[PDB]
$ cat query.cif   # mmCIF, C-alpha atoms and all ligand atoms
data_structure
loop_
_atom_site.group_PDB
_atom_site.id
_atom_site.type_symbol
_atom_site.label_atom_id
_atom_site.label_comp_id
_atom_site.auth_asym_id
_atom_site.auth_seq_id
_atom_site.Cartn_x
_atom_site.Cartn_y
_atom_site.Cartn_z
ATOM 1 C CA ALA A 1 166.463 20.718 30.411
ATOM 2 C CA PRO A 2 164.721 24.100 30.968
ATOM 3 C CA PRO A 3 164.714 26.319 34.094
ATOM 4 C CA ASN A 4 161.699 26.422 36.431
ATOM 5 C CA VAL A 5 161.428 28.585 39.549
ATOM 6 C CA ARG A 6 158.812 27.503 42.087
ATOM 7 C CA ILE A 7 157.543 29.856 44.783
ATOM 8 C CA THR A 8 155.879 28.621 47.982
ATOM 9 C CA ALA A 9 154.009 30.636 50.608
ATOM 10 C CA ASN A 10 151.793 29.527 53.492
ATOM 11 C CA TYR A 11 149.042 31.309 55.394
ATOM 12 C CA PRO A 12 147.511 28.876 57.927
ATOM 13 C CA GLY A 13 143.823 29.558 58.546
ATOM 14 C CA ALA A 14 143.271 31.269 55.208
ATOM 15 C CA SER A 15 140.608 30.267 52.703
ATOM 16 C CA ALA A 16 141.681 29.696 49.095
ATOM 17 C CA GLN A 17 139.968 32.987 48.265
ATOM 18 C CA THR A 18 141.874 34.692 51.078
ATOM 19 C CA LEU A 19 145.213 33.244 50.016
ATOM 20 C CA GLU A 20 145.123 34.364 46.381
ATOM 21 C CA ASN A 21 144.178 38.019 46.886
ATOM 22 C CA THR A 22 146.612 38.538 49.762
ATOM 23 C CA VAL A 23 149.475 36.372 48.519
ATOM 24 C CA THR A 24 149.191 34.679 45.121
ATOM 25 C CA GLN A 25 147.781 37.718 43.328
ATOM 26 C CA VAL A 26 150.288 40.003 45.050
ATOM 27 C CA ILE A 27 153.339 37.839 44.345
ATOM 28 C CA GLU A 28 152.350 37.431 40.682
ATOM 29 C CA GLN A 29 152.196 41.201 40.365
ATOM 30 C CA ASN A 30 155.717 41.524 41.782
ATOM 31 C CA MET A 31 156.987 39.274 38.986
ATOM 32 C CA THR A 32 156.066 42.107 36.609
ATOM 33 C CA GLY A 33 159.258 42.555 34.641
ATOM 34 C CA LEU A 34 161.395 39.488 34.061
ATOM 35 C CA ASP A 35 163.736 38.535 31.211
ATOM 36 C CA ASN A 36 163.895 35.029 29.757
ATOM 37 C CA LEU A 37 160.445 34.683 31.418
ATOM 38 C CA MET A 38 157.769 32.995 29.285
ATOM 39 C CA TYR A 39 154.726 32.514 31.479
ATOM 40 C CA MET A 40 153.784 32.096 35.118
ATOM 41 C CA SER A 41 151.504 29.498 36.661
ATOM 42 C CA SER A 42 149.995 29.735 40.124
ATOM 43 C CA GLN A 43 147.483 28.071 42.418
ATOM 44 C CA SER A 44 145.826 28.773 45.753
ATOM 45 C CA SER A 45 144.956 25.558 47.575
ATOM 46 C CA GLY A 46 142.416 25.292 50.380
ATOM 47 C CA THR A 47 145.408 23.890 52.242
ATOM 48 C CA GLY A 48 146.501 27.464 52.870
ATOM 49 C CA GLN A 49 149.548 27.099 50.650
ATOM 50 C CA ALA A 50 150.257 29.325 47.656
ATOM 51 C CA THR A 51 152.538 28.300 44.792
ATOM 52 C CA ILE A 52 153.600 30.332 41.762
ATOM 53 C CA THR A 53 155.851 28.279 39.482
ATOM 54 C CA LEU A 54 157.798 30.283 36.882
ATOM 55 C CA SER A 55 159.147 29.216 33.468
ATOM 56 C CA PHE A 56 161.972 30.608 31.342
ATOM 57 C CA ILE A 57 163.361 30.340 27.800
ATOM 58 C CA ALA A 58 165.596 27.416 26.855
ATOM 59 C CA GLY A 59 169.225 28.360 27.410
ATOM 60 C CA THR A 60 168.635 30.244 30.645
ATOM 61 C CA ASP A 61 170.971 29.911 33.631
ATOM 62 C CA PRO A 62 168.682 28.295 36.250
ATOM 63 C CA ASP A 63 170.766 29.288 39.275
ATOM 64 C CA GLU A 64 170.973 32.842 37.950
ATOM 65 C CA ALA A 65 167.318 32.761 36.921
ATOM 66 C CA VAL A 66 166.643 31.824 40.542
ATOM 67 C CA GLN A 67 169.085 34.366 41.978
ATOM 68 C CA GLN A 68 167.456 37.061 39.843
ATOM 69 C CA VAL A 69 163.924 36.379 41.097
ATOM 70 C CA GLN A 70 164.746 36.387 44.832
ATOM 71 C CA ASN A 71 165.339 40.143 44.760
ATOM 72 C CA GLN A 72 161.970 40.891 43.201
ATOM 73 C CA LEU A 73 160.709 38.763 46.064
ATOM 74 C CA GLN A 74 162.848 41.030 48.259
ATOM 75 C CA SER A 75 160.476 43.800 47.181
ATOM 76 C CA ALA A 76 157.470 41.486 47.456
ATOM 77 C CA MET A 77 157.936 40.415 51.100
ATOM 78 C CA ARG A 78 156.895 43.963 52.033
ATOM 79 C CA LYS A 79 153.343 43.511 50.752
ATOM 80 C CA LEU A 80 152.446 39.997 51.951
ATOM 81 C CA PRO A 81 150.601 39.259 55.222
ATOM 82 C CA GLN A 82 152.751 39.327 58.375
ATOM 83 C CA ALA A 83 152.282 35.615 59.018
ATOM 84 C CA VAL A 84 153.183 34.669 55.446
ATOM 85 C CA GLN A 85 156.478 36.480 55.993
ATOM 86 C CA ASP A 86 156.826 34.736 59.352
ATOM 87 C CA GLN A 87 156.122 31.389 57.690
ATOM 88 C CA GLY A 88 158.687 32.018 54.983
ATOM 89 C CA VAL A 89 158.499 31.983 51.202
ATOM 90 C CA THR A 90 160.454 29.127 49.619
ATOM 91 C CA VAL A 91 162.190 29.519 46.259
ATOM 92 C CA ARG A 92 162.994 26.125 44.752
ATOM 93 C CA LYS A 93 164.423 24.875 41.453
ATOM 94 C CA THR A 94 161.613 22.594 40.297
ATOM 95 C CA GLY A 95 158.861 22.429 37.687
ATOM 96 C CA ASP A 96 156.473 20.330 39.749
ATOM 97 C CA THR A 97 153.129 21.560 41.095
ATOM 98 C CA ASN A 98 150.519 20.168 43.481
ATOM 99 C CA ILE A 99 147.575 18.600 41.652
ATOM 100 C CA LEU A 100 145.899 16.473 44.324
ATOM 101 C CA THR A 101 145.469 16.736 48.080
ATOM 102 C CA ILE A 102 144.197 13.631 49.849
ATOM 103 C CA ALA A 103 142.768 13.523 53.373
ATOM 104 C CA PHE A 104 142.741 10.233 55.297
ATOM 105 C CA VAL A 105 139.964 10.211 57.877
ATOM 106 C CA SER A 106 139.131 7.968 60.835
ATOM 107 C CA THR A 107 135.351 7.518 60.859
ATOM 108 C CA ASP A 108 135.506 5.660 64.171
ATOM 109 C CA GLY A 109 138.055 7.790 65.958
ATOM 110 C CA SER A 110 139.849 4.504 66.539
ATOM 111 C CA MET A 111 142.990 6.161 65.175
ATOM 112 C CA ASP A 112 144.371 9.482 66.382
ATOM 113 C CA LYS A 113 145.963 12.145 64.167
ATOM 114 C CA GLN A 114 149.445 10.705 64.701
ATOM 115 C CA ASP A 115 148.367 7.083 64.216
ATOM 116 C CA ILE A 116 146.967 7.995 60.808
ATOM 117 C CA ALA A 117 150.026 10.141 60.092
ATOM 118 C CA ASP A 118 152.259 7.079 60.468
ATOM 119 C CA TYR A 119 150.156 4.737 58.316
ATOM 120 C CA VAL A 120 150.343 7.267 55.486
ATOM 121 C CA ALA A 121 154.130 7.440 55.783
ATOM 122 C CA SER A 122 154.773 3.702 55.862
ATOM 123 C CA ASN A 123 152.187 2.292 53.461
ATOM 124 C CA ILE A 124 150.928 5.022 51.145
ATOM 125 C CA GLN A 125 153.730 7.446 50.246
ATOM 126 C CA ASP A 126 156.251 4.995 48.779
ATOM 127 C CA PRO A 127 154.090 2.933 46.380
ATOM 128 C CA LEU A 128 152.496 6.073 44.928
ATOM 129 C CA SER A 129 155.888 7.613 44.173
ATOM 130 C CA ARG A 130 156.410 4.556 41.993
ATOM 131 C CA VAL A 131 153.410 5.699 39.945
ATOM 132 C CA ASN A 132 154.522 6.738 36.463
ATOM 133 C CA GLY A 133 154.247 10.521 36.328
ATOM 134 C CA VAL A 134 154.727 11.485 39.969
ATOM 135 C CA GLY A 135 157.224 14.253 40.674
ATOM 136 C CA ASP A 136 157.004 14.233 44.465
ATOM 137 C CA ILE A 137 154.774 13.124 47.340
ATOM 138 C CA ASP A 138 154.514 14.869 50.690
ATOM 139 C CA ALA A 139 153.157 13.009 53.707
ATOM 140 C CA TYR A 140 152.577 16.147 55.770
ATOM 141 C CA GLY A 141 152.361 14.262 59.066
ATOM 142 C CA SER A 142 155.829 12.909 58.341
ATOM 143 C CA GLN A 143 157.512 16.140 57.254
ATOM 144 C CA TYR A 144 159.229 19.181 58.761
ATOM 145 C CA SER A 145 161.465 22.138 57.911
ATOM 146 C CA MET A 146 165.168 22.438 58.622
ATOM 147 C CA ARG A 147 165.873 26.160 58.886
ATOM 148 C CA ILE A 148 169.459 26.929 57.897
ATOM 149 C CA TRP A 149 170.631 30.486 58.565
ATOM 150 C CA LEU A 150 173.825 31.866 57.058
ATOM 151 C CA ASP A 151 176.372 34.239 58.570
ATOM 152 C CA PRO A 152 177.120 37.232 56.354
ATOM 153 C CA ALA A 153 180.670 37.748 57.707
ATOM 154 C CA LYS A 154 181.517 34.067 57.224
ATOM 155 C CA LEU A 155 180.145 33.901 53.664
ATOM 156 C CA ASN A 156 182.100 37.072 52.847
ATOM 157 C CA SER A 157 185.352 35.501 54.030
ATOM 158 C CA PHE A 158 185.238 32.352 51.880
ATOM 159 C CA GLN A 159 184.097 34.163 48.706
ATOM 160 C CA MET A 160 181.729 31.192 48.493
ATOM 161 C CA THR A 161 178.423 31.391 46.629
ATOM 162 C CA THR A 162 175.092 30.233 48.067
ATOM 163 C CA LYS A 163 174.400 28.408 44.801
ATOM 164 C CA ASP A 164 177.213 26.003 45.667
ATOM 165 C CA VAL A 165 175.750 25.567 49.158
ATOM 166 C CA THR A 166 172.416 24.481 47.671
ATOM 167 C CA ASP A 167 173.910 21.975 45.229
ATOM 168 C CA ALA A 168 176.286 20.779 47.955
ATOM 169 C CA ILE A 169 173.282 19.509 49.907
ATOM 170 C CA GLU A 170 171.613 18.060 46.809
ATOM 171 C CA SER A 171 174.846 16.315 45.803
ATOM 172 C CA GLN A 172 174.433 13.531 48.369
ATOM 173 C CA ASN A 173 171.173 12.680 46.585
ATOM 174 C CA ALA A 174 169.388 12.622 49.915
ATOM 175 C CA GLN A 175 165.689 12.597 49.096
ATOM 176 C CA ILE A 176 165.248 16.121 50.445
ATOM 177 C CA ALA A 177 163.754 19.324 49.046
ATOM 178 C CA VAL A 178 166.073 22.340 49.129
ATOM 179 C CA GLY A 179 164.608 25.834 48.897
ATOM 180 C CA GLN A 180 165.568 29.426 49.688
ATOM 181 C CA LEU A 181 163.784 32.004 51.849
ATOM 182 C CA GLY A 182 163.304 35.384 50.176
ATOM 183 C CA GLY A 183 163.615 38.727 51.929
ATOM 184 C CA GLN A 184 170.185 35.065 54.779
ATOM 185 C CA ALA A 185 168.309 31.815 55.357
ATOM 186 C CA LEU A 186 167.739 28.487 53.624
ATOM 187 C CA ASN A 187 165.052 25.865 54.210
ATOM 188 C CA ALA A 188 164.939 22.127 53.540
ATOM 189 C CA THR A 189 162.023 19.692 53.573
ATOM 190 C CA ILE A 190 162.505 16.321 55.261
ATOM 191 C CA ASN A 191 160.462 13.217 54.465
ATOM 192 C CA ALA A 192 160.427 9.779 56.075
ATOM 193 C CA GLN A 193 162.632 8.603 53.207
ATOM 194 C CA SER A 194 165.407 11.182 53.614
ATOM 195 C CA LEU A 195 169.010 10.108 54.202
ATOM 196 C CA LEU A 196 169.648 13.167 56.364
ATOM 197 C CA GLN A 197 167.044 13.809 59.062
ATOM 198 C CA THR A 198 168.924 15.456 61.936
ATOM 199 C CA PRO A 199 170.823 18.768 62.192
ATOM 200 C CA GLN A 200 173.923 16.791 63.197
ATOM 201 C CA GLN A 201 173.678 15.081 59.824
ATOM 202 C CA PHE A 202 173.187 18.496 58.214
ATOM 203 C CA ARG A 203 176.127 20.052 60.056
ATOM 204 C CA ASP A 204 178.317 17.024 59.363
ATOM 205 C CA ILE A 205 178.449 17.314 55.571
ATOM 206 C CA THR A 206 181.178 18.722 53.349
ATOM 207 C CA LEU A 207 180.100 21.598 51.116
ATOM 208 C CA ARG A 208 183.521 22.383 49.688
ATOM 209 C CA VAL A 209 187.103 21.133 49.772
ATOM 210 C CA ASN A 210 189.502 24.078 50.005
ATOM 211 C CA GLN A 211 192.787 24.576 48.168
ATOM 212 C CA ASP A 212 194.691 23.886 51.383
ATOM 213 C CA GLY A 213 192.777 20.615 51.376
ATOM 214 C CA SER A 214 190.629 21.174 54.453
ATOM 215 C CA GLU A 215 186.979 20.117 54.558
ATOM 216 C CA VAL A 216 184.290 22.782 54.807
ATOM 217 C CA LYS A 217 181.205 21.781 56.760
ATOM 218 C CA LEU A 218 177.858 23.545 57.129
ATOM 219 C CA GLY A 219 178.114 24.430 60.826
ATOM 220 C CA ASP A 220 181.080 26.710 60.152
ATOM 221 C CA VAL A 221 179.185 28.993 57.777
ATOM 222 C CA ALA A 222 175.584 28.083 58.536
ATOM 223 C CA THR A 223 173.474 27.846 61.686
ATOM 224 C CA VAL A 224 171.172 24.829 61.515
ATOM 225 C CA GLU A 225 167.998 24.920 63.613
ATOM 226 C CA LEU A 226 164.726 23.012 63.394
ATOM 227 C CA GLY A 227 161.770 24.954 62.037
ATOM 228 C CA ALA A 228 158.536 24.417 63.944
ATOM 229 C CA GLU A 229 155.808 24.276 61.288
ATOM 230 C CA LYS A 230 152.526 22.450 60.761
ATOM 231 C CA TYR A 231 152.786 20.873 57.285
ATOM 232 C CA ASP A 232 149.387 19.209 57.540
ATOM 233 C CA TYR A 233 146.160 21.248 57.482
ATOM 234 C CA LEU A 234 144.390 18.313 59.054
ATOM 235 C CA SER A 235 143.993 17.137 62.616
ATOM 236 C CA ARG A 236 140.295 16.671 61.924
ATOM 237 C CA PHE A 237 138.248 16.293 58.745
ATOM 238 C CA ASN A 238 134.510 16.788 59.281
ATOM 239 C CA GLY A 239 135.099 16.491 63.023
ATOM 240 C CA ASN A 240 136.826 13.148 62.491
ATOM 241 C CA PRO A 241 140.541 12.422 63.137
ATOM 242 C CA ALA A 242 142.552 12.886 59.946
ATOM 243 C CA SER A 243 145.956 13.403 58.341
ATOM 244 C CA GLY A 244 146.746 14.288 54.735
ATOM 245 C CA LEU A 245 149.228 14.405 51.871
ATOM 246 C CA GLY A 246 150.065 16.478 48.799
ATOM 247 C CA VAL A 247 150.691 15.050 45.340
ATOM 248 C CA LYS A 248 153.064 16.974 43.079
ATOM 249 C CA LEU A 249 153.214 16.276 39.340
ATOM 250 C CA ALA A 250 156.394 15.668 37.339
ATOM 251 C CA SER A 251 157.323 18.348 34.799
ATOM 252 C CA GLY A 252 156.798 16.500 31.517
ATOM 253 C CA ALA A 253 154.174 14.019 32.711
ATOM 254 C CA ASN A 254 150.502 14.314 31.763
ATOM 255 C CA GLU A 255 148.222 15.334 34.633
ATOM 256 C CA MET A 256 145.218 13.173 33.768
ATOM 257 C CA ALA A 257 147.292 10.098 32.929
ATOM 258 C CA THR A 258 149.018 10.281 36.306
ATOM 259 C CA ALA A 259 145.892 11.471 38.133
ATOM 260 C CA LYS A 260 144.142 8.245 37.187
ATOM 261 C CA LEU A 261 147.336 6.266 37.777
ATOM 262 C CA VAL A 262 147.781 7.381 41.395
ATOM 263 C CA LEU A 263 144.096 7.164 42.323
ATOM 264 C CA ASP A 264 143.613 3.750 40.742
ATOM 265 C CA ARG A 265 146.769 2.719 42.579
ATOM 266 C CA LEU A 266 145.301 4.410 45.650
ATOM 267 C CA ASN A 267 142.001 2.552 45.354
ATOM 268 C CA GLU A 268 144.102 -0.589 45.063
ATOM 269 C CA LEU A 269 145.518 0.296 48.483
ATOM 270 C CA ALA A 270 142.139 1.459 49.786
ATOM 271 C CA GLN A 271 140.830 -2.116 49.808
ATOM 272 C CA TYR A 272 142.854 -2.966 52.900
ATOM 273 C CA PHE A 273 142.527 0.131 55.075
ATOM 274 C CA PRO A 274 142.053 -0.465 58.819
ATOM 275 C CA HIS A 275 138.342 -0.358 59.765
ATOM 276 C CA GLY A 276 137.074 3.210 59.941
ATOM 277 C CA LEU A 277 139.825 4.732 57.850
ATOM 278 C CA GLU A 278 138.498 6.383 54.705
ATOM 279 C CA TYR A 279 139.929 9.018 52.384
ATOM 280 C CA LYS A 280 138.706 12.310 50.923
ATOM 281 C CA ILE A 281 140.137 13.751 47.703
ATOM 282 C CA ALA A 282 140.361 17.374 46.594
ATOM 283 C CA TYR A 283 141.697 18.244 43.150
ATOM 284 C CA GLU A 284 144.049 21.215 43.066
ATOM 285 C CA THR A 285 143.628 23.112 39.803
ATOM 286 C CA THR A 286 146.427 25.427 38.667
ATOM 287 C CA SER A 287 145.995 28.850 37.058
ATOM 288 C CA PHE A 288 147.854 29.868 33.903
ATOM 289 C CA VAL A 289 148.811 33.440 32.971
ATOM 290 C CA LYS A 290 151.659 34.790 30.831
HETATM 291 BR BR BR A 301 133.880 12.192 57.566
#

$ encode --input "query.cif" --output "structure tokens" --more "lines below"
Ligand SMILES: [Br-]
Amino acid sequence: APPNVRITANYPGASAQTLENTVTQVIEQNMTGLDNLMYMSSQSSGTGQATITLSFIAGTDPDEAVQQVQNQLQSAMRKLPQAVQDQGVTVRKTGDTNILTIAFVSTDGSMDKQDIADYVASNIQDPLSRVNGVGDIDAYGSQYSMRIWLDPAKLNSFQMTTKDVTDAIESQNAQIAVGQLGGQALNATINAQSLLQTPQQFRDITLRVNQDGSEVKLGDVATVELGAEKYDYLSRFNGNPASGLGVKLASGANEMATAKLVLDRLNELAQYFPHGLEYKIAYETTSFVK
């Protein structure tokens, strides 16, 4: 059980070449001096999403490894493109990386962007998560951000730590992805599977039980607002209606074993696509530097 810090930035409209030089290369260079650090992997997808997963020595405090990095990111935010800052960089405790991005296209035009987006959610996402070796699967047309801002003054009063706040939301085992915006603010990713999908649900959870016995809920210390973001790069592929998904790989799993496993499973599903609906696959290679 090692620690792994994953960074996530997004610059919509940027080529893979654009993304790396302006973001990925810059962020890497701001991870200059770290302790317990081993090596750092990064990739720059044509999606417009940068990701620089970090890796530390065995016996490292993950939450403190994470807390440590955020402040080098504090210095890094300065240098990134305006819109990348506006988008928000997400720091998450995971060792998974994107390896495949699949676009589902309507050759006819008999299915609009949101029709296709739904079919992916219902039929495709779930059976591929069952594939041995899959860390996570993101149906972009079925996902969105929950921006959770935090009052300084409040957080000061409780003597609470943000680490607890993170785990408090992961404790319910809702199939959600919990990250942290560097620069306070937090950001969660919601799927179609998630147990909590609305801010009411987010506000109505208990982070901590006090010594006086009262319940502490998010809305008292955190302001929960929806984050308007476009998670899918695709409304059209080759001028044809399309929606896509990202395929993250589990930490220990072998890429190629799983890569075949999902695609062969995918081509098992591909036999019964509605007429017109095809798919286009792009492999997402990942750089390695130490
Ligand atoms: Br096409």

$ atom_distance --input "query.cif" --atom1 "CA of residue 234 (chain A)" --atom2 "CA of residue 271 (chain A)"
22.7 Å

$ residues_near_ligand --input "query.cif" --ligand "ligand BR 301 (chain A)" --cutoff "6 Å" --atoms "only C-alpha atoms and all ligand atoms" --output "ChimeraX atom specification"
/A:107,238,240

$ closest_residue --input "query.cif" --among "A:122, A:7, A:277, A:267" --to "residue 88 (chain A)" --atoms "only C-alpha atoms"
A:7

$ residues_around --input "query.cif" --residues "residue 118 (chain A)" --least-positions-apart "5" --cutoff "10 Å" --atoms "all atoms listed in the file" --output "CSV table (one decimal) with C-alpha atoms, in the frame of the given file"
chain,number,residue,atom,x,y,z
A,113,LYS,CA,146.0,12.1,64.2
A,123,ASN,CA,152.2,2.3,53.5
A,124,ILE,CA,150.9,5.0,51.1
A,139,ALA,CA,153.2,13.0,53.7
A,141,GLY,CA,152.4,14.3,59.1
A,142,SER,CA,155.8,12.9,58.3
A,192,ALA,CA,160.4,9.8,56.1
A,243,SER,CA,146.0,13.4,58.3

$ axis_aligned_box --input "query.cif" --around "region 184-203 of chain A" --padding-each-side "6 Å" --output "lines of an AutoDock Vina configuration file"
center_x = 168.3
center_y = 21.8
center_z = 58.2
size_x = 27.7
size_y = 38.5
size_z = 22.0

$ resolve_selection --input "query.cif" --expression "the PyMOL selection byres (((chain A and resi 53) around 9) and not hetatm)" --output "JSON, numbers by chain"
{"A": [4, 5, 6, 7, 8, 40, 41, 42, 43, 51, 52, 54, 55, 94, 95, 96, 97]}

$ atom_distance --input "query.cif" --atom1 "CA of residue 197 (chain A)" --atom2 "CA of residue 218 (chain A)"
14.7 Å

$ closest_residue --input "query.cif" --among "A:219, A:62, A:183, A:244" --to "residue 1 (chain A)" --atoms "only C-alpha atoms"
A:62

$ resolve_selection --input "query.cif" --expression "the PyMOL selection byres (((chain A and resi 65) around 12) and not hetatm)" --output "compact mmCIF listing (two decimals) with C-alpha atoms, keeping the file's coordinate frame"
# COMPACT_ATOMS: atom_id res chain seq x y z
CA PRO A 2 164.72 24.10 30.97
CA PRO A 3 164.71 26.32 34.09
CA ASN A 4 161.70 26.42 36.43
CA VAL A 5 161.43 28.58 39.55
CA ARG A 6 158.81 27.50 42.09
CA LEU A 34 161.40 39.49 34.06
CA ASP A 35 163.74 38.53 31.21
CA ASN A 36 163.90 35.03 29.76
CA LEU A 37 160.44 34.68 31.42
CA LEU A 54 157.80 30.28 36.88
CA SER A 55 159.15 29.22 33.47
CA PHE A 56 161.97 30.61 31.34
CA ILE A 57 163.36 30.34 27.80
CA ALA A 58 165.60 27.42 26.86
CA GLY A 59 169.22 28.36 27.41
CA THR A 60 168.64 30.24 30.64
CA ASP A 61 170.97 29.91 33.63
CA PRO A 62 168.68 28.30 36.25
CA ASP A 63 170.77 29.29 39.28
CA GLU A 64 170.97 32.84 37.95
CA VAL A 66 166.64 31.82 40.54
CA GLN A 67 169.08 34.37 41.98
CA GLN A 68 167.46 37.06 39.84
CA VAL A 69 163.92 36.38 41.10
CA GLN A 70 164.75 36.39 44.83
CA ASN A 71 165.34 40.14 44.76
CA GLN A 72 161.97 40.89 43.20
CA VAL A 91 162.19 29.52 46.26
CA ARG A 92 162.99 26.12 44.75
CA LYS A 93 164.42 24.88 41.45
CA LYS A 163 174.40 28.41 44.80

$ closest_atom_pairs --input "query.cif" --of "region 79-154 of chain A" --to "region 251-263 of chain A" --cutoff "7 Å" --atoms "only C-alpha atoms" --output "CSV"
residue,atom,partner,partner_atom,distance
A:95,CA,A:251,CA,5.2
A:96,CA,A:251,CA,5.4
A:128,CA,A:262,CA,6.0
A:131,CA,A:262,CA,6.1
A:132,CA,A:258,CA,6.5
A:133,CA,A:253,CA,5.0
A:134,CA,A:258,CA,6.9

$ resolve_selection --input "query.cif" --expression "the PyMOL selection byres (((chain A and resi 12) around 8) and not hetatm)" --output "list in words"
residues 10, 11, 13, 14, 47, 48, 49 and 233 of chain A

$ decode --input "query.cif" --residues "region 114-126 of chain A" --atoms "N, CA, C and O atoms" --output "PDB file, in the first residue's frame"
ATOM      1  N   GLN A 114     -26.328  13.783 -27.084  1.00  0.00           N
ATOM      2  CA  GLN A 114     -26.861  13.387 -25.787  1.00  0.00           C
ATOM      3  C   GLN A 114     -27.538  12.017 -25.832  1.00  0.00           C
ATOM      4  O   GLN A 114     -27.634  11.341 -24.808  1.00  0.00           O
ATOM      5  N   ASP A 115     -28.003  11.609 -27.011  1.00  0.00           N
ATOM      6  CA  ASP A 115     -28.498  10.245 -27.186  1.00  0.00           C
ATOM      7  C   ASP A 115     -27.352   9.271 -26.972  1.00  0.00           C
ATOM      8  O   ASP A 115     -27.450   8.340 -26.174  1.00  0.00           O
ATOM      9  N   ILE A 116     -26.264   9.507 -27.699  1.00  0.00           N
ATOM     10  CA  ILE A 116     -25.062   8.688 -27.611  1.00  0.00           C
ATOM     11  C   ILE A 116     -24.481   8.706 -26.202  1.00  0.00           C
ATOM     12  O   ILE A 116     -24.019   7.683 -25.698  1.00  0.00           O
ATOM     13  N   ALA A 117     -24.521   9.874 -25.567  1.00  0.00           N
ATOM     14  CA  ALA A 117     -23.999  10.035 -24.215  1.00  0.00           C
ATOM     15  C   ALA A 117     -24.699   9.104 -23.228  1.00  0.00           C
ATOM     16  O   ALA A 117     -24.072   8.579 -22.306  1.00  0.00           O
ATOM     17  N   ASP A 118     -25.997   8.897 -23.435  1.00  0.00           N
ATOM     18  CA  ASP A 118     -26.790   8.046 -22.555  1.00  0.00           C
ATOM     19  C   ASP A 118     -26.502   6.562 -22.773  1.00  0.00           C
ATOM     20  O   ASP A 118     -26.377   5.801 -21.812  1.00  0.00           O
ATOM     21  N   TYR A 119     -26.407   6.156 -24.037  1.00  0.00           N
ATOM     22  CA  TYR A 119     -26.132   4.763 -24.381  1.00  0.00           C
ATOM     23  C   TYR A 119     -24.813   4.295 -23.777  1.00  0.00           C
ATOM     24  O   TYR A 119     -24.696   3.159 -23.317  1.00  0.00           O
ATOM     25  N   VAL A 120     -23.823   5.181 -23.793  1.00  0.00           N
ATOM     26  CA  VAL A 120     -22.523   4.900 -23.202  1.00  0.00           C
ATOM     27  C   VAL A 120     -22.654   4.659 -21.701  1.00  0.00           C
ATOM     28  O   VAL A 120     -22.082   3.714 -21.159  1.00  0.00           O
ATOM     29  N   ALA A 121     -23.424   5.519 -21.041  1.00  0.00           N
ATOM     30  CA  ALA A 121     -23.633   5.421 -19.602  1.00  0.00           C
ATOM     31  C   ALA A 121     -24.289   4.104 -19.210  1.00  0.00           C
ATOM     32  O   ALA A 121     -23.789   3.380 -18.349  1.00  0.00           O
ATOM     33  N   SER A 122     -25.409   3.801 -19.854  1.00  0.00           N
ATOM     34  CA  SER A 122     -26.212   2.640 -19.492  1.00  0.00           C
ATOM     35  C   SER A 122     -25.552   1.308 -19.843  1.00  0.00           C
ATOM     36  O   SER A 122     -25.477   0.408 -19.007  1.00  0.00           O
ATOM     37  N   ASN A 123     -25.069   1.187 -21.075  1.00  0.00           N
ATOM     38  CA  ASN A 123     -24.658  -0.112 -21.601  1.00  0.00           C
ATOM     39  C   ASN A 123     -23.161  -0.402 -21.577  1.00  0.00           C
ATOM     40  O   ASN A 123     -22.755  -1.558 -21.471  1.00  0.00           O
ATOM     41  N   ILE A 124     -22.341   0.635 -21.682  1.00  0.00           N
ATOM     42  CA  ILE A 124     -20.915   0.431 -21.909  1.00  0.00           C
ATOM     43  C   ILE A 124     -20.065   0.538 -20.642  1.00  0.00           C
ATOM     44  O   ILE A 124     -19.187  -0.294 -20.410  1.00  0.00           O
ATOM     45  N   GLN A 125     -20.329   1.555 -19.827  1.00  0.00           N
ATOM     46  CA  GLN A 125     -19.475   1.860 -18.680  1.00  0.00           C
ATOM     47  C   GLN A 125     -19.399   0.731 -17.652  1.00  0.00           C
ATOM     48  O   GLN A 125     -18.312   0.365 -17.203  1.00  0.00           O
ATOM     49  N   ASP A 126     -20.553   0.188 -17.279  1.00  0.00           N
ATOM     50  CA  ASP A 126     -20.611  -0.826 -16.229  1.00  0.00           C
ATOM     51  C   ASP A 126     -19.905  -2.148 -16.577  1.00  0.00           C
ATOM     52  O   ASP A 126     -19.091  -2.623 -15.787  1.00  0.00           O
TER      53      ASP A 126
END
